[PDB]
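Okay, structure first, notes after.
In the entry's author numbering, the protein residues as written are 3 to 108, 118 to 402, 437 to 507, 509 to 636, 841 to 886, 910 to 1121, 1125 to 1173, 1207 to 1436.
Structural data, given as structure tokens:
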């Protein structure tokens, strides 16, 4: 099924293998089934077997067991030929300048023109094919390492897994998701660098043999300077981490508590708080990027200075002909790339791969979980002299209990008894320091929480065997069929992992049903009735817990007395000591939208953005005229060649000035700051209609990561694209005018540039989006499988678990290779366009003074590498700009817009015109009274409180305080009503700052109110006087203190209403008595509405406003409510 095998050799050289697949994808949409079959050798199981033998052999080789050698052992000569072949191609590109110098001496030279074109043709085929081949091994190496991690995680013991955090390996696993795969192409760079450096210097020495050391010294000095900036840059970025973490916590608090923030009527205060932290953080980023910007300019402004310095030492003895000058300049650019781009990057990248393998080898040693599979036995249980620790003394001592067959075993204990560890020790999942135990081969387990993977009931039931009769008989016996009464697809009801979209009680019953319906050599139930309550527990006890499991010899743990009554024995532990162990009678004995139009608006979002950008364009044509005029003057004593070298320096001719690149960096930095101010203000203005629509995780993730990318990563490469494009486009123009018809050739050549990029981007954008989309399933299965280790290890279904993961990695690999193969296909065809232009340039120039011909000839070889880097940068531009467009979409957020009061015809709905939560509600609010708004609680009364707050997708006519719901400002109306929060979100800061961020309260008004509110005595022990910073979201203050803080804030706000709800469910008796002394005086002249579910909690209300479904009733007193509203 793989088109690669059914392909011709020419398709491998011409990249025609992906030509048809990409062509078909250009018309139709990116179908998920369009992914071609993976290579037969690329099979996950086949690759895993080869690495498994080496890994076992590596450990068996010696005590040291260098796993890195084993990985190289099976994959060394596979790429060793590629490294040698690549080095031959790299040397060929260097030899080209020597041949180009022969033409400078001049007919017969036409023979050299074919060779110049031939050298590029041979190099083009070798380089592209080598790149595709080399990258393939990187995926193969990464696939085996990624798969091997799953095997290691499947054998670790609880003693090591619990001690080590999840981020030790799970986070490290995602670190190398694309590092080693993409970077595998730099393995042979170091080896090629030594030979190339000597060869390039040898050809340079063949010309003068005197100033050879001058060129190497300049490169070494620049390399040290370039490296030194990175050390400061990395440290500066590391220093910026502290400010980023502080801002992120505040942003999360605002995002999570958006509902409270809107009620707090202090959104502008929260906006100002984030502003102060962001300004200091932006100062570090602007300075750090400036250091990188100055360092990045080194390469673009190095060739002219280095070449001129080396040339002068040789020119001192005698001024050589221009042929030697051109040869050195061409070699210098190659030498500059070799000394800066083809060596400095390799050293850093090469050690990165070694470090990952060291970490992989580090995790190879860990506490392994021993297993005995299934040993034949008489199904007898035994336990005596058991001793172990929770990891300081033994949490158990002399646990003597043995059962021959069929004995009813039961478990019991206090809170935190730790019997699960003893049960794990009984099953072998916990290490016993002493004692012995005889148990049957297999055993059935039951966990407290079911970490069932995504799938239907039938999918979970069919784990080792599927039975039609059991699917009906067990479902009725386990009440699963009864729970299926709401299923439309019957047994085909599949949900996600974690049981998010399933009944909580039935999920545990259904999960235990698969183990209960399946036979086993032993049974070990733990918290089987964890969710069953009253009727469910009684039904299970009388029909499933004791009737269904009657025949099988089982040991269970439960708190039901009826279940214990059926048990023949019971063991009770009391703080590490078994208080009772025996019969029961013993105790009773005593998204991918590419809008080019929207790009201009984002680009033109700064005051000086237009002016700064236009400045470089104005200077762009300015330098071109001088270079053309200098050539038109000189070309149309000893220092004459200096002007030609300076003019011939393409990098220097288009080099950005000292006051050119820096201004763009400063201008680009302010763009993110302006966007952040607009985004923060707009986000707080989102109405509940749209605020509740967006997921909580989709806001911070689209704000924390997006803001950093647009600031740090974006401007660093954005300026490079403009800098590279200016030189590349400008250089061709000078040659175009010089040749008689190069403009005609460029006219047809420049048109082909759009066709290649646009067609490739059509599939590349979809492939990149599909590649990231499929990565989620790998992470989703990894976490889900890790949590359910104990349940899976009980049955030991490793082969089923291993098979469940081997196929998953293949799906990501198939999309990865297709996206990687297509990426090279566009790049491979790109070199063909340049070769044709280069051939046309040579032909016209040859048929055409030697300075003009020589300058044009030099620029021909000096545009190859620049064009390649230019095309690659333009592709990634859309990838980074994609996040900015999404932020702009978020920027278009929808706009949000005397106790006597009354309203009528108030109908409210949570959604826009959805089900009417309120149905023409009308009520009378007499001042100076307490009206309990209770009723049929338990169906959700938050909407009714929100209805009085007008925070729903509806509207009304609230004739409160002499004003209408629309006449007065919403912000002004927001200060009228006050509510008691259910879970207050106090700002992380000092008590004075957190409680009154607006700072409108005076110190006298603060100190006196604190004593008056009664919180001063409780908060007297705060650091200093009251400046104790409430770290970790106010964890220091209690729930009553938060209510007291809520009372303190409300008292200062002088709110006319006090919407209290769920008081008894959150307040302590001491706080309630304390509140009764204060709230009575605080609301003595206010109209509050105290709602609650408990009838006793509503007995304190003067009136009895009993809420009802879709029609809130009323009662003037308890007489009518207790007679009609209650029943």
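Quick reminder that beta carbons are idealized off the backbone N, C-alpha and C, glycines included.
* To do: Kindly list the residues whose CB is nearer than 6 Å to the CB of residue 375, restricted to its own chain and excluding five residues on each side of it in sequence; keep chain order.
  => none
* Asked: Hey, out of 1264, 1160, 1363, 158, whose CA is closest to residue 1212's CA?
  -> 1264
* **Assumed close pair residue 292, residue 334 - CB separation to whole angstroms, cut-off 8 Å** => About 55 Å separates the two Cβ atoms, so there is no contact after all.
* Since residue 1218 is in the beta strand (DSSP E), which residue starts that stretch and which ends it? -> 1210-1218
* To do: Check whether the Cβ atoms of residue 1131 and residue 921 sit closer than 9 Å, and answer yes or no.
  => yes
* Beta-ladder partner(s) of residue 627, from DSSP -> 617
* For residue 1071, name the three-state secondary structure that DSSP assigns. => helix
* Asked: Going by DSSP, what residues sit across from residue 1191 in a beta bridge?
  -> It's not possible to place residue 1191 here, given that the chain moves directly from 1173 to 1207.
* **At least 3 beta-carbon pairs within less than 8 Å: the stretch 1364-1379 vs the stretch 1284-1292** => Touching, yes.
* Asked: From 455, 925, 580, pick the residue whose C-alpha is nearest to that of residue 617; which is it?
  -> 455
* Determine, using beta carbons only, whether residue 148 and residue 74 come nearer to each other than 9 Å. => no
* **Residue from 997, 230, 1285, 483 with nearest C-alpha to residue 927** => 997
* residue 437 (DSSP reduced to helix, strand or coil) -> coil
* Asked: Counting along the chain, where does the alpha helix (DSSP H) carrying residue 36 start and finish?
  -> Neither: residue 36 is in no alpha helix (DSSP H) and is coded neither H nor E.
* By Cβ distance, which residues of its chain are closer than 7 Å to residue 1239, with the 5 residues on each side in sequence left out? -> 1397, 1399, 1410, 1411
* To do: With distances taken Cα to Cα, identify the nearest neighbour of residue 172 among 136, 380, 358, 339.
  => Cα-wise, what sits closest to residue 172 is 380.
* Asked: Just the Cα atoms here: how many angstroms apart are residue 210 and residue 342?
  -> 11 Å
* **Residues bridged to residue 1413 [DSSP beta-bridge criterion]** => 1241
* Measure the C-alpha to C-alpha separation of residue 390 and residue 608 and round it to an integer number of angstroms. => 27 Å
* Cβ-based neighbour list, residue 1228, same chain, cut-off 7 Å, excluding 5 preceding and 5 following -> When the five nearest sequence neighbours on each side are left out, the beta carbons in the same chain lying within less than 7 Å of the beta carbon of residue 1228 are those of 1216, 1419, 1420, in order along the chain.
* Per-residue DSSP class, three states only, for residue 1086 -> helix
* Leaving out the 5 sequence neighbours to the left and right, which residues in its chain are closer than 8 Å to residue 1013 when beta-carbon positions are compared? -> 1117, 1121
* **Identity of the residue in 277, 166, 340, 320 nearest residue 96 by Cα** => Across the set 277, 166, 340, 320, the C-alpha of 340 shows the shortest separation from the C-alpha of residue 96.
* **Residue interval of the beta strand (DSSP E) (run including residue 603)** => Where residue 603 is concerned, the enclosing beta strand (DSSP E) stretches over 600-603.
* To do: Verify whether the separation of the beta carbon atoms of residue 937 and residue 853 is less than 9 Å.
  => no
* Asked: Shortest alpha-carbon distance to residue 603 belongs to which of 453, 1019, 632, 535?
  -> 453
* Indicate, with yes or no, if the ligand NAP has a heavy atom lying under 8 Å from the CB of residue 959. => By its list of ligands, the structure shown contains no ligand whatsoever, and the ligand NAP lies outside what it can speak to.
* Could you check the C-alpha separation between residue 1345 and residue 1324 for me, to the nearest Å? => 14 Å
* Does DSSP put residue 1110 in a helix, in a strand, or in coil? -> helix
* **Residues bridged to residue 481 (per DSSP)** => Looking at the DSSP output, residue 481 shares a beta bridge with 395.
* To do: Over the uninterrupted alpha helix (DSSP H) stretch that includes residue 1268, give me the two end residues.
  => Unbroken run through residue 1268 is the beta strand (DSSP E), 1267-1269; no alpha helix (DSSP H).
* Excluding the 5 residues preceding and the 5 following residue 495 in the sequence, name in chain order all residues of the same chain whose CB lies nearer than 7 Å to its CB. => 545, 553, 554, 557
* Asked: With contact counted as at least three CB pairs below 8 Å, one residue from each stretch, are the stretch 1098-1114 and the stretch 6-20 in contact?
  -> yes
* Member of 1076, 570, 627 whose CA lies at the smallest distance from the CA of residue 486 -> 570
* Would a C-beta distance cut-off of 9 Å place residue 1027 and residue 1113 closer than the cut-off? -> no
* Give me the Cβ distance between residue 127 and residue 1115, rounded to the nearest whole Å; I'm assuming they're in contact under 8 Å. => 6 Å
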